[PDB]
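Data from model02.txt: compact mmCIF, N, CA and C atoms
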# COMPACT_ATOMS: atom_id res chain seq x y z
N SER A 22 129.54 94.83 75.78
CA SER A 22 129.06 96.18 75.44
C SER A 22 128.93 97.08 76.64
N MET A 23 129.03 98.38 76.41
CA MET A 23 128.75 99.32 77.47
C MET A 23 127.28 99.25 77.95
N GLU A 24 126.33 98.99 77.03
CA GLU A 24 124.88 98.88 77.40
C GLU A 24 124.70 97.70 78.44
N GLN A 25 125.33 96.56 78.13
CA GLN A 25 125.27 95.40 79.05
C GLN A 25 125.85 95.73 80.41
N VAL A 26 126.97 96.44 80.47
CA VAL A 26 127.47 96.96 81.75
C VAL A 26 126.52 97.86 82.53
N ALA A 27 125.86 98.77 81.79
CA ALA A 27 124.93 99.73 82.42
C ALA A 27 123.73 98.97 83.05
N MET A 28 123.26 97.96 82.32
CA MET A 28 122.16 97.12 82.78
C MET A 28 122.60 96.34 84.01
N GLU A 29 123.85 95.89 83.99
CA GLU A 29 124.40 95.17 85.15
C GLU A 29 124.58 96.06 86.38
N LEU A 30 124.91 97.32 86.16
CA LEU A 30 124.99 98.26 87.27
C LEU A 30 123.58 98.48 87.90
N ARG A 31 122.58 98.61 87.06
CA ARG A 31 121.16 98.77 87.50
C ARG A 31 120.75 97.54 88.32
N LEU A 32 121.06 96.34 87.82
CA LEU A 32 120.75 95.08 88.57
C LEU A 32 121.47 95.05 89.90
N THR A 33 122.73 95.49 89.93
CA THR A 33 123.46 95.57 91.16
C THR A 33 122.87 96.53 92.12
N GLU A 34 122.43 97.68 91.64
CA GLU A 34 121.84 98.64 92.55
C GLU A 34 120.44 98.15 93.06
N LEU A 35 119.68 97.51 92.20
CA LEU A 35 118.39 96.88 92.65
C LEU A 35 118.68 95.88 93.77
N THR A 36 119.72 95.05 93.55
CA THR A 36 120.15 94.05 94.53
C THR A 36 120.49 94.70 95.83
N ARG A 37 121.21 95.84 95.80
CA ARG A 37 121.47 96.61 97.02
C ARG A 37 120.20 97.02 97.75
N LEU A 38 119.26 97.56 97.02
CA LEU A 38 118.00 98.07 97.61
C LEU A 38 117.19 96.86 98.18
N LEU A 39 117.09 95.78 97.41
CA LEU A 39 116.39 94.54 97.88
C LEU A 39 117.07 93.89 99.08
N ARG A 40 118.40 93.97 99.17
CA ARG A 40 119.07 93.51 100.39
C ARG A 40 118.63 94.28 101.63
N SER A 41 118.50 95.60 101.51
CA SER A 41 118.05 96.42 102.59
C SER A 41 116.54 96.11 102.91
N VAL A 42 115.71 95.97 101.87
CA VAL A 42 114.32 95.55 102.05
C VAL A 42 114.26 94.19 102.78
N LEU A 43 115.10 93.23 102.40
CA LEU A 43 115.05 91.89 102.97
C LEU A 43 115.36 92.02 104.46
N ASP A 44 116.34 92.88 104.80
CA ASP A 44 116.70 93.05 106.24
C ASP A 44 115.64 93.62 107.03
N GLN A 45 114.97 94.62 106.49
CA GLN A 45 113.87 95.24 107.17
C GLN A 45 112.68 94.30 107.38
N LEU A 46 112.37 93.50 106.36
CA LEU A 46 111.23 92.53 106.50
C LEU A 46 111.56 91.48 107.52
N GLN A 47 112.78 90.98 107.49
CA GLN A 47 113.10 89.93 108.39
C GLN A 47 113.14 90.38 109.86
N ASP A 48 113.41 91.66 110.10
CA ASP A 48 113.29 92.18 111.46
C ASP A 48 111.87 92.15 112.00
N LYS A 49 110.86 92.10 111.12
CA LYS A 49 109.49 91.93 111.51
C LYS A 49 109.08 90.50 111.88
N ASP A 50 110.10 89.65 112.00
CA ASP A 50 109.99 88.21 112.31
C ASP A 50 111.00 87.92 113.39
N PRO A 51 110.85 88.57 114.58
CA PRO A 51 111.93 88.34 115.58
C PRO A 51 111.94 86.91 116.14
N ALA A 52 110.77 86.23 116.10
CA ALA A 52 110.75 84.82 116.48
C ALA A 52 111.56 83.90 115.55
N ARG A 53 111.96 84.38 114.35
CA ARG A 53 112.67 83.58 113.36
C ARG A 53 111.86 82.36 112.80
N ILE A 54 110.54 82.53 112.74
CA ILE A 54 109.64 81.47 112.24
C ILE A 54 109.88 81.21 110.74
N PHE A 55 110.27 82.29 110.07
CA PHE A 55 110.41 82.24 108.56
C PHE A 55 111.86 82.25 108.07
N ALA A 56 112.81 82.15 108.99
CA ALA A 56 114.21 82.18 108.67
C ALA A 56 114.78 81.11 107.78
N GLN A 57 114.28 79.87 107.88
CA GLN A 57 114.85 78.75 107.22
C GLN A 57 113.74 77.87 106.52
N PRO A 58 114.10 77.02 105.57
CA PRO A 58 113.08 76.12 104.95
C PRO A 58 112.41 75.24 105.95
N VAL A 59 111.12 75.10 105.87
CA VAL A 59 110.43 74.03 106.60
C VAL A 59 111.14 72.68 106.37
N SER A 60 111.53 72.05 107.49
CA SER A 60 112.26 70.77 107.44
C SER A 60 111.39 69.57 106.97
N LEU A 61 111.78 68.90 105.88
CA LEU A 61 111.01 67.79 105.42
C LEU A 61 111.28 66.57 106.27
N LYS A 62 112.37 66.60 107.06
CA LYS A 62 112.55 65.54 108.09
C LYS A 62 111.49 65.65 109.19
N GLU A 63 111.25 66.86 109.68
CA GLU A 63 110.28 67.17 110.74
C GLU A 63 108.78 67.39 110.35
N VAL A 64 108.56 67.74 109.07
CA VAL A 64 107.21 67.84 108.49
C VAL A 64 107.18 67.08 107.17
N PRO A 65 107.16 65.71 107.26
CA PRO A 65 107.40 64.90 106.07
C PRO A 65 106.30 64.99 105.02
N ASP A 66 105.11 65.39 105.42
CA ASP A 66 104.02 65.61 104.43
C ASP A 66 104.02 67.02 103.81
N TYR A 67 105.02 67.87 104.13
CA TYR A 67 104.85 69.31 103.73
C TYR A 67 104.58 69.55 102.25
N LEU A 68 105.30 68.84 101.39
CA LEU A 68 105.19 69.06 99.95
C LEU A 68 103.88 68.51 99.33
N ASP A 69 103.12 67.71 100.08
CA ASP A 69 101.78 67.31 99.70
C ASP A 69 100.84 68.50 99.82
N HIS A 70 101.17 69.42 100.74
CA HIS A 70 100.36 70.59 101.02
C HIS A 70 100.83 71.81 100.24
N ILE A 71 102.12 72.08 100.29
CA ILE A 71 102.70 73.32 99.80
C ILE A 71 103.59 72.97 98.58
N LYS A 72 103.17 73.54 97.45
CA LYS A 72 103.89 73.24 96.23
C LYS A 72 105.14 74.03 95.95
N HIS A 73 105.23 75.27 96.48
CA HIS A 73 106.37 76.13 96.27
C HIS A 73 106.79 76.71 97.67
N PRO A 74 107.52 75.89 98.42
CA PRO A 74 108.06 76.39 99.72
C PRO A 74 108.97 77.60 99.55
N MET A 75 108.96 78.46 100.57
CA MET A 75 109.83 79.61 100.53
C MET A 75 110.20 80.00 101.97
N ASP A 76 111.31 80.71 102.10
CA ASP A 76 111.82 81.15 103.41
C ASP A 76 112.88 82.26 103.19
N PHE A 77 113.25 82.96 104.25
CA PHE A 77 114.19 84.07 104.08
C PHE A 77 115.58 83.63 103.63
N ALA A 78 116.07 82.48 104.07
CA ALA A 78 117.37 82.05 103.60
C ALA A 78 117.47 81.75 102.11
N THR A 79 116.44 81.11 101.61
CA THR A 79 116.33 80.77 100.20
C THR A 79 116.25 82.10 99.42
N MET A 80 115.52 83.09 99.92
CA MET A 80 115.46 84.41 99.22
C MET A 80 116.85 85.05 99.17
N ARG A 81 117.54 84.95 100.29
CA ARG A 81 118.88 85.54 100.38
C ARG A 81 119.85 84.88 99.40
N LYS A 82 119.81 83.56 99.25
CA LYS A 82 120.63 82.90 98.19
C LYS A 82 120.30 83.45 96.78
N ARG A 83 119.01 83.56 96.48
CA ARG A 83 118.60 84.08 95.15
C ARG A 83 119.11 85.53 94.97
N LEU A 84 118.95 86.33 95.98
CA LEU A 84 119.34 87.74 95.95
C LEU A 84 120.84 87.87 95.66
N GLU A 85 121.67 87.13 96.38
CA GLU A 85 123.14 87.24 96.22
C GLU A 85 123.68 86.73 94.90
N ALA A 86 122.91 85.91 94.20
CA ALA A 86 123.20 85.57 92.86
C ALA A 86 122.55 86.58 91.89
N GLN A 87 122.19 87.76 92.39
CA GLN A 87 121.40 88.75 91.58
C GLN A 87 120.29 88.12 90.76
N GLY A 88 119.55 87.22 91.41
CA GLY A 88 118.51 86.51 90.78
C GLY A 88 117.12 87.17 90.83
N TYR A 89 116.98 88.34 91.45
CA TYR A 89 115.70 89.10 91.31
C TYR A 89 115.85 90.23 90.25
N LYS A 90 115.14 90.11 89.14
CA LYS A 90 115.28 91.14 88.03
C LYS A 90 114.53 92.42 88.33
N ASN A 91 113.48 92.32 89.16
CA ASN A 91 112.61 93.44 89.48
C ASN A 91 111.98 93.20 90.87
N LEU A 92 111.36 94.24 91.41
CA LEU A 92 110.69 94.13 92.74
C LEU A 92 109.54 93.15 92.76
N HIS A 93 108.82 93.02 91.66
CA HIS A 93 107.69 92.06 91.56
C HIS A 93 108.15 90.63 91.89
N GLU A 94 109.26 90.20 91.32
CA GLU A 94 109.82 88.87 91.61
C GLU A 94 110.10 88.64 93.10
N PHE A 95 110.70 89.62 93.74
CA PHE A 95 111.06 89.58 95.12
C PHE A 95 109.79 89.53 95.98
N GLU A 96 108.85 90.41 95.70
CA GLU A 96 107.53 90.36 96.39
C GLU A 96 106.79 89.02 96.23
N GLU A 97 106.92 88.39 95.07
CA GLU A 97 106.31 87.09 94.84
C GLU A 97 106.80 86.06 95.88
N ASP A 98 108.11 86.05 96.06
CA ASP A 98 108.77 85.12 97.02
C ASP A 98 108.37 85.50 98.45
N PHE A 99 108.33 86.80 98.79
CA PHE A 99 107.84 87.17 100.15
C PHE A 99 106.38 86.75 100.41
N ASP A 100 105.54 86.93 99.43
CA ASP A 100 104.16 86.52 99.56
C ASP A 100 104.05 85.00 99.74
N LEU A 101 104.91 84.18 99.10
CA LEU A 101 104.90 82.74 99.29
C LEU A 101 105.20 82.40 100.73
N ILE A 102 106.16 83.10 101.33
CA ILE A 102 106.47 82.83 102.77
C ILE A 102 105.18 82.92 103.60
N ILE A 103 104.46 84.04 103.45
CA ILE A 103 103.25 84.33 104.19
C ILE A 103 102.11 83.38 103.84
N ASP A 104 101.85 83.31 102.53
CA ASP A 104 100.70 82.55 102.09
C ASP A 104 100.83 81.05 102.37
N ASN A 105 102.01 80.49 102.25
CA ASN A 105 102.25 79.06 102.53
C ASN A 105 101.89 78.79 103.99
N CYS A 106 102.39 79.67 104.86
CA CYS A 106 102.16 79.52 106.32
C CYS A 106 100.70 79.60 106.67
N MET A 107 99.97 80.53 106.07
CA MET A 107 98.57 80.74 106.35
C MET A 107 97.68 79.60 105.81
N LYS A 108 98.20 78.82 104.87
CA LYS A 108 97.46 77.65 104.40
C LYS A 108 97.77 76.43 105.30
N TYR A 109 99.04 76.17 105.57
CA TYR A 109 99.43 74.95 106.31
C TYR A 109 99.00 74.98 107.77
N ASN A 110 99.02 76.18 108.35
CA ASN A 110 98.74 76.32 109.77
C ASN A 110 97.39 76.92 110.01
N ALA A 111 96.73 76.52 111.06
CA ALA A 111 95.38 77.05 111.38
C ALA A 111 95.45 78.45 111.98
N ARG A 112 94.36 79.16 111.82
CA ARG A 112 94.19 80.50 112.38
C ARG A 112 94.59 80.72 113.84
N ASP A 113 94.36 79.73 114.71
CA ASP A 113 94.65 79.81 116.12
C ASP A 113 96.13 79.47 116.53
N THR A 114 97.05 79.43 115.59
CA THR A 114 98.43 79.00 115.86
C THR A 114 99.39 80.16 115.87
N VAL A 115 100.48 80.00 116.64
CA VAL A 115 101.52 81.01 116.67
C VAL A 115 102.11 81.22 115.27
N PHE A 116 102.18 80.14 114.48
CA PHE A 116 102.72 80.29 113.11
C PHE A 116 101.86 81.18 112.22
N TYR A 117 100.55 80.89 112.17
CA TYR A 117 99.63 81.70 111.35
C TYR A 117 99.70 83.16 111.78
N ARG A 118 99.63 83.34 113.11
CA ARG A 118 99.58 84.71 113.63
C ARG A 118 100.87 85.45 113.32
N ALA A 119 101.95 84.73 113.32
CA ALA A 119 103.28 85.35 112.99
C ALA A 119 103.26 85.86 111.53
N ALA A 120 102.69 85.04 110.64
CA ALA A 120 102.57 85.44 109.27
C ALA A 120 101.68 86.63 109.03
N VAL A 121 100.56 86.76 109.75
CA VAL A 121 99.72 87.90 109.64
C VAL A 121 100.51 89.17 110.02
N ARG A 122 101.25 89.08 111.11
CA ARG A 122 101.98 90.22 111.65
C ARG A 122 103.10 90.65 110.70
N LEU A 123 103.77 89.66 110.14
CA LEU A 123 104.77 89.88 109.04
C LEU A 123 104.23 90.50 107.79
N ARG A 124 103.06 90.05 107.33
CA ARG A 124 102.41 90.64 106.20
C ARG A 124 102.05 92.13 106.45
N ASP A 125 101.45 92.39 107.59
CA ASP A 125 100.96 93.74 107.91
C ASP A 125 102.08 94.74 108.02
N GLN A 126 103.15 94.32 108.70
CA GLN A 126 104.29 95.16 108.93
C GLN A 126 105.13 95.30 107.68
N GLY A 127 105.29 94.21 106.96
CA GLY A 127 106.03 94.25 105.70
C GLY A 127 105.44 95.15 104.64
N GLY A 128 104.11 95.29 104.66
CA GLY A 128 103.36 96.14 103.71
C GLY A 128 103.91 97.55 103.68
N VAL A 129 104.20 98.05 104.88
CA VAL A 129 104.70 99.42 105.06
C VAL A 129 106.02 99.59 104.26
N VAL A 130 106.90 98.60 104.40
CA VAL A 130 108.26 98.63 103.89
C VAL A 130 108.21 98.50 102.38
N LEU A 131 107.35 97.59 101.95
CA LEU A 131 107.20 97.33 100.51
C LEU A 131 106.59 98.49 99.75
N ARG A 132 105.70 99.23 100.41
CA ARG A 132 105.08 100.40 99.80
C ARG A 132 106.15 101.47 99.42
N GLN A 133 107.11 101.74 100.32
CA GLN A 133 108.13 102.72 100.05
C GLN A 133 109.21 102.16 99.12
N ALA A 134 109.50 100.86 99.20
CA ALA A 134 110.42 100.23 98.27
C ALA A 134 109.94 100.41 96.84
N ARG A 135 108.65 100.27 96.60
CA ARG A 135 108.12 100.44 95.27
C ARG A 135 108.32 101.86 94.76
N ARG A 136 108.00 102.82 95.60
CA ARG A 136 108.28 104.22 95.27
C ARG A 136 109.77 104.43 94.90
N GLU A 137 110.70 103.89 95.70
CA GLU A 137 112.17 104.03 95.49
C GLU A 137 112.66 103.38 94.19
N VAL A 138 112.15 102.18 93.91
CA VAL A 138 112.49 101.49 92.68
C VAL A 138 112.02 102.25 91.44
N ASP A 139 110.79 102.74 91.45
CA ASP A 139 110.27 103.66 90.40
C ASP A 139 111.07 105.00 90.34
N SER A 140 111.25 105.62 91.50
CA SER A 140 111.94 106.92 91.63
C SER A 140 113.37 106.89 91.04
N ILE A 141 114.25 106.05 91.60
CA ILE A 141 115.62 105.85 91.08
C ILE A 141 115.64 105.21 89.68
N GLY A 142 114.60 104.43 89.35
CA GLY A 142 114.49 103.72 88.06
C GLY A 142 115.14 102.35 88.19
Show me this structure written as structure tokens.
Amino acid sequence: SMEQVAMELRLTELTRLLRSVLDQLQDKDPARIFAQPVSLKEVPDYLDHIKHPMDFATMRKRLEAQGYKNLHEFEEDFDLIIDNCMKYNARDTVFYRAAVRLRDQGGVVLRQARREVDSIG
């Protein structure tokens, strides 16, 4: 149907906007602490602590399969990156502090992304 095509164009354009959002958030992580999944070879107890691991690469795979239907879904995965880190690592660690800085800086980007998603529809 033409309606199904129109919906697919909207999903494609959301995917475009979320790709740009993902790039901007990841630039707020120049240390690359959140770039890849926590290694279960190197942190073998991780899944005892963290039930839903997340990282920028895993988000990027979901994005390229147009697997985010709306901004809320995408924000959920970004919040897991931050929140997982802030639970597993103590306040006095470079990892925790990196997550705080990512959250604070990412807030700015996400605030305007929400406006754009509503604005364009």
If you count only N, CA and C atoms, which residues fall within 8 Å of region 32-41 of chain A, apart from same-chain ones fewer than 3 positions away, as a PyMOL selection string?
-> chain A and resi 26-29+44-47+81+84-85+87-92+95+134+138+142
Dump of N, CA and C atoms for the selected residues, as a PDB file, in the frame of the given file:
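Saved to result-v1.pdb:
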ATOM      1  N   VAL A  26     126.970  96.440  80.470  1.00  0.00           N
ATOM      2  CA  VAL A  26     127.470  96.960  81.750  1.00  0.00           C
ATOM      3  C   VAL A  26     126.520  97.860  82.530  1.00  0.00           C
ATOM      4  N   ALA A  27     125.860  98.770  81.790  1.00  0.00           N
ATOM      5  CA  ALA A  27     124.930  99.730  82.420  1.00  0.00           C
ATOM      6  C   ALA A  27     123.730  98.970  83.050  1.00  0.00           C
ATOM      7  N   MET A  28     123.260  97.960  82.320  1.00  0.00           N
ATOM      8  CA  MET A  28     122.160  97.120  82.780  1.00  0.00           C
ATOM      9  C   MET A  28     122.600  96.340  84.010  1.00  0.00           C
ATOM     10  N   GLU A  29     123.850  95.890  83.990  1.00  0.00           N
ATOM     11  CA  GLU A  29     124.400  95.170  85.150  1.00  0.00           C
ATOM     12  C   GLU A  29     124.580  96.060  86.380  1.00  0.00           C
ATOM     13  N   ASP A  44     116.340  92.880 104.800  1.00  0.00           N
ATOM     14  CA  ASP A  44     116.700  93.050 106.240  1.00  0.00           C
ATOM     15  C   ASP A  44     115.640  93.620 107.030  1.00  0.00           C
ATOM     16  N   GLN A  45     114.970  94.620 106.490  1.00  0.00           N
ATOM     17  CA  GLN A  45     113.870  95.240 107.170  1.00  0.00           C
ATOM     18  C   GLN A  45     112.680  94.300 107.380  1.00  0.00           C
ATOM     19  N   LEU A  46     112.370  93.500 106.360  1.00  0.00           N
ATOM     20  CA  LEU A  46     111.230  92.530 106.500  1.00  0.00           C
ATOM     21  C   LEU A  46     111.560  91.480 107.520  1.00  0.00           C
ATOM     22  N   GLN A  47     112.780  90.980 107.490  1.00  0.00           N
ATOM     23  CA  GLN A  47     113.100  89.930 108.390  1.00  0.00           C
ATOM     24  C   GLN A  47     113.140  90.380 109.860  1.00  0.00           C
ATOM     25  N   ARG A  81     117.540  84.950 100.290  1.00  0.00           N
ATOM     26  CA  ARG A  81     118.880  85.540 100.380  1.00  0.00           C
ATOM     27  C   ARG A  81     119.850  84.880  99.400  1.00  0.00           C
ATOM     28  N   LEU A  84     118.950  86.330  95.980  1.00  0.00           N
ATOM     29  CA  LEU A  84     119.340  87.740  95.950  1.00  0.00           C
ATOM     30  C   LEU A  84     120.840  87.870  95.660  1.00  0.00           C
ATOM     31  N   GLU A  85     121.670  87.130  96.380  1.00  0.00           N
ATOM     32  CA  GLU A  85     123.140  87.240  96.220  1.00  0.00           C
ATOM     33  C   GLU A  85     123.680  86.730  94.900  1.00  0.00           C
ATOM     34  N   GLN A  87     122.190  87.760  92.390  1.00  0.00           N
ATOM     35  CA  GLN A  87     121.400  88.750  91.580  1.00  0.00           C
ATOM     36  C   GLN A  87     120.290  88.120  90.760  1.00  0.00           C
ATOM     37  N   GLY A  88     119.550  87.220  91.410  1.00  0.00           N
ATOM     38  CA  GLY A  88     118.510  86.510  90.780  1.00  0.00           C
ATOM     39  C   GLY A  88     117.120  87.170  90.830  1.00  0.00           C
ATOM     40  N   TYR A  89     116.980  88.340  91.450  1.00  0.00           N
ATOM     41  CA  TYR A  89     115.700  89.100  91.310  1.00  0.00           C
ATOM     42  C   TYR A  89     115.850  90.230  90.250  1.00  0.00           C
ATOM     43  N   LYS A  90     115.140  90.110  89.140  1.00  0.00           N
ATOM     44  CA  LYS A  90     115.280  91.140  88.030  1.00  0.00           C
ATOM     45  C   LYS A  90     114.530  92.420  88.330  1.00  0.00           C
ATOM     46  N   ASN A  91     113.480  92.320  89.160  1.00  0.00           N
ATOM     47  CA  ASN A  91     112.610  93.440  89.480  1.00  0.00           C
ATOM     48  C   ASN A  91     111.980  93.200  90.870  1.00  0.00           C
ATOM     49  N   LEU A  92     111.360  94.240  91.410  1.00  0.00           N
ATOM     50  CA  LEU A  92     110.690  94.130  92.740  1.00  0.00           C
ATOM     51  C   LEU A  92     109.540  93.150  92.760  1.00  0.00           C
ATOM     52  N   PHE A  95     110.700  89.620  93.740  1.00  0.00           N
ATOM     53  CA  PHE A  95     111.060  89.580  95.120  1.00  0.00           C
ATOM     54  C   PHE A  95     109.790  89.530  95.980  1.00  0.00           C
ATOM     55  N   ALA A 134     109.500 100.860  99.200  1.00  0.00           N
ATOM     56  CA  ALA A 134     110.420 100.230  98.270  1.00  0.00           C
ATOM     57  C   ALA A 134     109.940 100.410  96.840  1.00  0.00           C
ATOM     58  N   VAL A 138     112.150 102.180  93.910  1.00  0.00           N
ATOM     59  CA  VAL A 138     112.490 101.490  92.680  1.00  0.00           C
ATOM     60  C   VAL A 138     112.020 102.250  91.440  1.00  0.00           C
ATOM     61  N   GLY A 142     114.600 104.430  89.350  1.00  0.00           N
ATOM     62  CA  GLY A 142     114.490 103.720  88.060  1.00  0.00           C
ATOM     63  C   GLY A 142     115.140 102.350  88.190  1.00  0.00           C
TER      64      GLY A 142
END
CA of residue 86 (chain A) to atom N of residue 72 (chain A), straight-line distance in Å | 23.8 Å
When DSSP works through the backbone of this structure, what residues of chain A end up as alpha helix (DSSP H), shown as a ChimeraX atom specification?
-> /A:23-48,67-70,77-85,92-109,115-141
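Atom to atom, CA of residue 126 (chain A) and CA of residue 58 (chain A) stand 21.3 Å apart.
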What does the distance between CA of residue 61 (chain A) and atom N of residue 116 (chain A) come to in Å, to one decimal place?
->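 Distance reported for this atom pair: 17.7 Å.
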Given only C-alpha atoms as the counted atoms, nearest of A:67, A:109, A:99, A:117 to residue 54 (chain A) =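 Checking each of A:67, A:109, A:99, A:117 against residue 54 (chain A), counting only C-alpha atoms, the winner is A:117.
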Spatial neighbours of residue 107 (chain A), max dist 7 Å, all atoms listed in the file, sep filter under 4 positions, as a VMD selection string = chain A and resid 102 to 103 111 to 112 116 to 117 120
Calculate, to one decimal in Å, the centre and edge lengths of the box along x, y and z of the file that holds all listed atoms of region 58-71 of chain A with 8 Å of margin on each side, and present them as JSON.
{"center_x": 107.2, "center_y": 71.0, "center_z": 104.7, "size_x": 29.7, "size_y": 28.1, "size_z": 28.2}
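When only C-alpha atoms are used to measure the gap to residue 78 (chain A), the shortest distance among A:94, A:43, A:49, A:64 belongs to A:43.
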As a short mmCIF file (atom, residue, chain, number, x, y, z; two decimals), keeping the file's coordinate frame, please: region 107-125 of chain A completed to N, CA, C and O atoms.
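Final output, result-v4.cif:
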data_model
loop_
_atom_site.label_atom_id
_atom_site.label_comp_id
_atom_site.auth_asym_id
_atom_site.auth_seq_id
_atom_site.Cartn_x
_atom_site.Cartn_y
_atom_site.Cartn_z
N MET A 107 99.97 80.53 106.07
CA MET A 107 98.57 80.74 106.35
C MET A 107 97.68 79.60 105.81
O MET A 107 96.55 79.49 106.24
N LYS A 108 98.20 78.82 104.87
CA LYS A 108 97.46 77.65 104.40
C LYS A 108 97.77 76.43 105.30
O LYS A 108 96.79 75.78 105.78
N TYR A 109 99.04 76.17 105.57
CA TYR A 109 99.43 74.95 106.31
C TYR A 109 99.00 74.98 107.77
O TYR A 109 98.50 74.00 108.32
N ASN A 110 99.02 76.18 108.35
CA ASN A 110 98.74 76.32 109.77
C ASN A 110 97.39 76.92 110.01
O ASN A 110 96.94 77.85 109.27
N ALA A 111 96.73 76.52 111.06
CA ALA A 111 95.38 77.05 111.38
C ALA A 111 95.45 78.45 111.98
O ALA A 111 96.47 78.90 112.52
N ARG A 112 94.36 79.16 111.82
CA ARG A 112 94.19 80.50 112.38
C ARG A 112 94.59 80.72 113.84
O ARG A 112 95.08 81.79 114.19
N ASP A 113 94.36 79.73 114.71
CA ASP A 113 94.65 79.81 116.12
C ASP A 113 96.13 79.47 116.53
O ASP A 113 96.41 79.25 117.74
N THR A 114 97.05 79.43 115.59
CA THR A 114 98.43 79.00 115.86
C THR A 114 99.39 80.16 115.87
O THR A 114 99.17 81.20 115.19
N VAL A 115 100.48 80.00 116.64
CA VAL A 115 101.52 81.01 116.67
C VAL A 115 102.11 81.22 115.27
O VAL A 115 102.49 82.31 114.90
N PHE A 116 102.18 80.14 114.48
CA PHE A 116 102.72 80.29 113.11
C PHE A 116 101.86 81.18 112.22
O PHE A 116 102.36 82.11 111.50
N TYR A 117 100.55 80.89 112.17
CA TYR A 117 99.63 81.70 111.35
C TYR A 117 99.70 83.16 111.78
O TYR A 117 99.74 84.10 110.95
N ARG A 118 99.63 83.34 113.11
CA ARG A 118 99.58 84.71 113.63
C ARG A 118 100.87 85.45 113.32
O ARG A 118 100.80 86.67 113.02
N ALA A 119 101.95 84.73 113.32
CA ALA A 119 103.28 85.35 112.99
C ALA A 119 103.26 85.86 111.53
O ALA A 119 103.86 86.88 111.18
N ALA A 120 102.69 85.04 110.64
CA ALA A 120 102.57 85.44 109.27
C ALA A 120 101.68 86.63 109.03
O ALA A 120 102.00 87.49 108.18
N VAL A 121 100.56 86.76 109.75
CA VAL A 121 99.72 87.90 109.64
C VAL A 121 100.51 89.17 110.02
O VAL A 121 100.39 90.19 109.30
N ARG A 122 101.25 89.08 111.11
CA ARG A 122 101.98 90.22 111.65
C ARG A 122 103.10 90.65 110.70
O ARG A 122 103.27 91.87 110.42
N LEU A 123 103.77 89.66 110.14
CA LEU A 123 104.77 89.88 109.04
C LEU A 123 104.23 90.50 107.79
O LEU A 123 104.77 91.52 107.28
N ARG A 124 103.06 90.05 107.33
CA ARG A 124 102.41 90.64 106.20
C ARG A 124 102.05 92.13 106.45
O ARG A 124 102.27 93.01 105.59
N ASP A 125 101.45 92.39 107.59
CA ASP A 125 100.96 93.74 107.91
C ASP A 125 102.08 94.74 108.02
O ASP A 125 101.98 95.85 107.44
#
